[PDB]
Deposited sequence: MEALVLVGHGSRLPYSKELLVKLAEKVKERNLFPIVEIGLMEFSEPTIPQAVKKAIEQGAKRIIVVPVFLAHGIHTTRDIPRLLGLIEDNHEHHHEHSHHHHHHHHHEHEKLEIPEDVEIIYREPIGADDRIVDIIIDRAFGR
């Protein structure tokens, strides 16, 4: 019924995809969602349209898209809502709802992490 698509920037280096893969596997371990897929905005596969199609093919009717980005930018305000057909300017989903969630932001947990990293933990 419900799918979680995690969507990330993607890079020419492999770290960005590897991080999405690891993060997807950790939410799988939580057993919260029937379907979990990943999608990279640029130069890596799977792409965002593929991740969404794969979620439909698995019979998700509600698709939760979470942009695994620190802050809003061009990616999260133009390109991604485009690729998801949420914005009037290569794929369509027919009859199902995409729910586009927020980025990570200045969460208190990010300041815990940063403080750990600052001490080499």
Checklist outcome for this item: Unmodelled spans of the deposited chain sequence come out as 90-111
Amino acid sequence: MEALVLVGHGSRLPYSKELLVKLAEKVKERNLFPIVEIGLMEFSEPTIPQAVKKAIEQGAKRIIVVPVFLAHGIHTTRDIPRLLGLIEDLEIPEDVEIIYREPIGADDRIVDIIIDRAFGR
From here on, numbers count along this sequence of modelled residues.
Checklist outcome for this item: Comparing mean C-alpha B factor in the record for 19-27 and 95-103, the higher one is 95-103
Checklist entry - Per the entry, where is the mean C-alpha temperature factor higher: 67-75 or 80-88? => result 80-88
Checklist entry - Based on the PDB record, which member of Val7, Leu4, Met1, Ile114 exhibits the highest Cα temperature factor? => result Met1
Checklist outcome for this item: So, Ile48's CA B-factor, relative to its chain, sits in which third? The lowest
